[PDB]
Amino acid sequence: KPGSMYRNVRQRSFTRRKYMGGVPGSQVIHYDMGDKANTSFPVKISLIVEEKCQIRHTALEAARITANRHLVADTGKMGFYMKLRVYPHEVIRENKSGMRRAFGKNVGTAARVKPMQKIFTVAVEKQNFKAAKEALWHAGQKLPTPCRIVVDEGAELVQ
Amino acid sequence: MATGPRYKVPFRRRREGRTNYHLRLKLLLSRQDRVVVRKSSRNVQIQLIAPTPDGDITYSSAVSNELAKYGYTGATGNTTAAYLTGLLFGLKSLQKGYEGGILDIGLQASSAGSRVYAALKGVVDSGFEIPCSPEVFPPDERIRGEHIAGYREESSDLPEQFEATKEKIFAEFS
Amino acid sequence: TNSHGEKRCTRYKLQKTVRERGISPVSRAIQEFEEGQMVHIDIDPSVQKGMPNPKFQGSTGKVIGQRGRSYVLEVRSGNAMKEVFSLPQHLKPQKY
Amino acid sequence: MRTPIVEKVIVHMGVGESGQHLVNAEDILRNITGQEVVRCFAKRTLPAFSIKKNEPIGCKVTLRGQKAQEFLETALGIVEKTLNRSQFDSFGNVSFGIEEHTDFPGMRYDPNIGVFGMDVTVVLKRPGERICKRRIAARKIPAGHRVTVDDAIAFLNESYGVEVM
RNA sequence: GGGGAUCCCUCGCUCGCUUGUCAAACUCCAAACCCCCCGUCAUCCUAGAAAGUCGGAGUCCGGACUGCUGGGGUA
RNA sequence: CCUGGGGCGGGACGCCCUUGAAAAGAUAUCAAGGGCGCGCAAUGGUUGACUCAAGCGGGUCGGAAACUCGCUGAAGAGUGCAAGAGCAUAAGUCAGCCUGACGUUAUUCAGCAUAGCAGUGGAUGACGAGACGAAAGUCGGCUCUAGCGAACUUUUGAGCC
RNA sequence: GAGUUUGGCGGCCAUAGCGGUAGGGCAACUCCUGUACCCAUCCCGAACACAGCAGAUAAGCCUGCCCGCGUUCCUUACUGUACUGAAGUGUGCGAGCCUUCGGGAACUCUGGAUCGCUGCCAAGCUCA
Ligand SMILES: [Mg+2]
Ligand SMILES: [Mg+2]
Ligand SMILES: [Mg+2]
């Protein structure tokens, strides 16, 4: 289905596993990227959201893939630590008769967000800051909401 | 056993382990006084207690140590001491103004021939009204001097002392 | 279909606070009321008997009389007067 | 006033199944111990061991005092009164489960009986146990009042010469 | 518990300390509206409050706007 | 008959619990999760004695599958059956003694907020007889909320017209 | 007649619980000594019951202390933030959000407190 079919937040949440049935799995495999064992990156930037919405897991997977490729290509395999944050807990249902017993059935999973809520986070050195911004800008292109980039730690270093 | 905020701690008199609240709830439904017959080893205690929102007011409280004035120079932990204490308590409470109530033995075994039922005998014989049955009342054969016969035959000066203390109890409270 | 019994929608209404479960205080059961003495309805779940319908939760009635170990109350629902029987364990005086 | 006196000794007698072995188990127990015993039931049905729910499975007794002392000295002489640390526990509770029964003094051999395994345990405590068990004001013993393994072996060797390996 | 005769040893599920997300049928917490009762002010009231008794009906095809992220539904 | 036209499918056509339902009460859809049209002379009443689930340490092939001893253990168990609520000197486990799973009768509450509506149920009582228990007290079945039907007609019970 | 100590029955029901530590028993409680009797064990005088002199403050109980977990309270910031009652010709393509008057958190943060308060009666005493 199209992206805008399930993107607005108009109705209550629907997430209790034990009551619904037959929720399909997910594609996102790993939520931590890069050098997990390192903890000495002085710059910590992140991608934030400007509006409430629902993000499908497929969009998150595409954004993660593109950011991974860019960061590994330019910064290096050991020069960063990316970490996705929001996990998809919501469930999406698509009716499939007419309006007779129109209640839908599970077709997917989505992750609700909130304004100014961090989605991604990348830590790098001082020399690979522009590459980090370049990587995080492409990832927000696959995402269903307007997105801005905020440098959380080491702002005085970069700025 | 407080390990978290959900843990439930019992009441203070339950942590002490010296009360039973279900029995207390059953007893207060009588709308009438209670007779408390708590015992120990060196003596026995009797008292009349009534409830109130603040505490438990008490009107009469007689203890077996009070026989020393009369002349009960025998053991204070025997059945006959309990009978004497109950008798003088009954006379004292009758003259005070209170007459009746309920027997309350607390967390103690209710077995015939016990010292608690000896005190009950002493209460009932004095005119202090109380609901009960006679079958648990200890026979006077042990009441007089004969529950210590088999190990203290050298000490059988009991019955005359019992009679003297009984007549002096009658004399003071009459 | 939804049922319309006598205990519907009382999941949280008839619950006890976490540091309240067990045997309730016994002095609350021996409180005695007189005529024309305003009281509050506060149902204690621990006691199974003599419980008014939980729709009268949180209402204030005045005592009218006694029938055994239960007082007769006079509660207003909407614009009517309803007479409700309740043991003194579920009631609670009004502090003036 | 703070010496670790033996509390009581429980002579468990399992059989693995009820019947004649159970019955003559209680028989030999009352011959060896001088007081009757009581059967123990099950908790469920386990066909693998061939048991059933609420079926009698063993025996037990709770002799104490001079009976406990005599049984202690007897079974200590039987097994050389030398205890290793396997059975031994944090509170000096030995659990040595010897199997052959005819080695007891006064147990005449029987072709049918032959052998019936048992186990002997001792419970050590310090003076003052009313507090944790009396109906009125039932408290719990504090840690400093609790018994220790080394003092247990010291008591055993001083009162019976019960060597511990 | 799965991988390849001392189960040569790998070790997922699981249990604890730290990090990152959740809940309509979760809650150690916890509002603003709202409801019963008491006192006070204020309005109505002997040109008749509250309550009660009797006569005559129409009505049980509704619709829309502003809030409730209302429920359902791609809308 | 209901019915996002009718049909087909189903019964949202009687009863019980949680959410929707917006912190008093009420509140719809072929809305979501569901269950019931029963079982028990003990799986019932009362008194007495106790504490359950799960771990840790020990014992003989009683194997990581048995029973027992010690420790931690406000409940993580059990309470006939759905969901929700209740329960620790107990509403749970076992033993003793019993049949209140009694005859008759009045109000009030909900079904059916406010605000009319059977039958029929549930809470207080009253009369007459009992069980258990020292007594207080508890007992109008099985902890609370489901397990059911008017008039007319036939049959059965006590005594009368 | 005021106070202290001990004992019993209680109200609020963790500010009272968990753990740790140093002191006390003269009067009182307890531990504590046995089984003639009433009483008891699904076996056991373990418990309950009875009979009670010895020794002991090692335990219960009492007094002092400890921030080490849990609970309750105050203060600094987060913050008048999130949420919200009333009115609005205020604003967005839309799902939404903004201005004025009135209410107002939760967690987390810096620093401190909390190792119970209290009613009735009796006994030994301690005064005038
Ligand atoms: Mg019409
Ligand atoms: Mg308009
Ligand atoms: Mg039709």
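Residues numbered from 1 in each chain as written, not as in the entry; some residues may be left out. Chains lettered and ligands numbered in written order. Part of a larger assembly, values for the part shown. Heavy atoms only, no water.

Per the PDB record, this model was obtained through cryo-EM at a reported resolution of 2.85 Å.

(A) The arrangement of the overall build of chain D in detail. The number of helices and strands found in chain D is four helices and five strands. Helices and strands in chain D line up, N terminus first, as β-α-β-α-β-β-α-α-β. In terms of overall dimensions, chain D has C-alpha extents of about 50 × 35 × 30 Å along its principal axes. Considering chain D as a whole, with its 165 residues, one finds that 33% of them fall into the buried category. (Helix = DSSP H or I, 4+ residues; strand = E, 2+ residues; numbered from the N terminus. Buried < 20%, exposed > 50% of the residue type's maximum accessible area, 1.4 Å probe, protein only.)

(B) Looking closely at the interface of chain B and chain C. The interface of chain B with chain C comprises 12 residues on the first partner and nine residues on the second. Interface of chain B and chain C: buried area, both sides summed, is about 1100 Å²; carbon and sulfur atoms make up 71% of it. Linking chain B with chain C are zero salt bridges. For the interface between chain B and chain C, the tally reads zero residue pairs in polar contact. If one sorts the elements of the side of chain B that touches chain C by residue count, helix α2 (residues 21–28) of chain B sits on top with five residues. For the side of chain B that touches chain C, the residue count by class is seven nonpolar, one polar and four charged. (Contact = heavy atoms within 4.5 Å. Buried area = accessible area lost by both parts, 1.4 Å probe. Salt bridge = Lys/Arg side-chain N within 4 Å of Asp/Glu carboxyl O. Polar contact = N/O pair within 3.5 Å; in protein donor to acceptor, adjacent residues only side chain to side chain. Nonpolar A, V, L, I, M, F, W, Y, C, P; charged D, E, K, R; others polar.)

(C) Focus on the protein's contact with RNA strand G. Surveying the vicinity of RNA strand G reveals 71 residues, the closest of which are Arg15(B), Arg42(B), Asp56(B), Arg152(B) and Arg64(D). A distance of 2.7 Å separates a base nitrogen of RNA strand G from a polar backbone atom of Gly4(B). The backbone of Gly150(B) places a nitrogen or oxygen atom 3.0 Å from a base nitrogen of RNA strand G. Sorting the residues of the surface near RNA strand G by element identifies α1 (12–15), α2, β2 (45–51) and β3 (56–63) of chain B together with α3 (130–133) of chain D as the ones contributing at least two each. (Near = heavy atom within 4 Å.)

(D) Molecular detail of the pattern of salt bridges. Overall, the coordinates contain 17 salt bridges over all chains when judged by the stated rule. In this structure, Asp104(B) and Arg38(B) form a salt bridge, with 3.6 Å as the shortest nitrogen-oxygen distance. Linking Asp104(B) in strand β4 (residues 102–104) with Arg38(B) in the loop between β1 (34–36) and β2, this pair joins segments that are 66 residues apart in sequence. Among the residues examined, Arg38(B) registers a relative accessible area of 33% and is labelled partly exposed. A salt bridge links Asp27(D) to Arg30(D); the nearest nitrogen and oxygen atoms lie 2.5 Å apart. Taken together, the positions of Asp27(D) and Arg30(D), both in helix α1 (residues 20–33) and three residues apart, correspond to about one turn of that helix. With relative accessibility at 34%, the residue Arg30(D) sits in the partly exposed group. By sharing partners, the salt bridges in this structure join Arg12(B), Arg13(B), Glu16(B) and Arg18(B) into a single network.

(E) Inspection of the packing of aromatic side chains at higher detail. Tallied over the entire structure, the rule returns seven aromatic pairs over all chains. Taking 5.9 Å as the distance between ring centres and 50 degrees as the angle between the ring planes, the aromatic pair formed by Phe71(D) and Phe104(D) counts as tilted. Placement of the pair is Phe71(D) in helix α2 (residues 66–78) and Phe104(D) in the loop between β3 (82–83) and β4 (119–125), with a sequence separation of 33 residues. The same class applies to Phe71(D) and to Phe104(D), which are both buried. Over the ring of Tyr70(B) we find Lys69(B), and its NZ or CZ is 3.7 Å from the ring centre. Directly above the ring of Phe88(D) sits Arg85(D), whose terminal nitrogen or CZ lies 5.4 Å from the centroid. (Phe/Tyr/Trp six-rings, centres within 6.5 Å; stacked < 30°, edge-to-face > 60°. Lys NZ or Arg CZ within 6 Å of the ring centre and 35° of its normal.)

(F) Seen up close, the pairing of strand β1 (residues 5–14) of chain D. All names here are of chain D. Judged from the seven bridges that link them, β1 and β4 form a sheet pairing that is antiparallel. By the bridge assignment, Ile 5 is partnered in β4 with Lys 125. Relative to strand β2 (residues 58–59), β1 runs antiparallel, the two being bridged by two bridges. By the bridge assignment, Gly 14 is partnered in β2 with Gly 58. (Pairing = 2+ DSSP bridges.)

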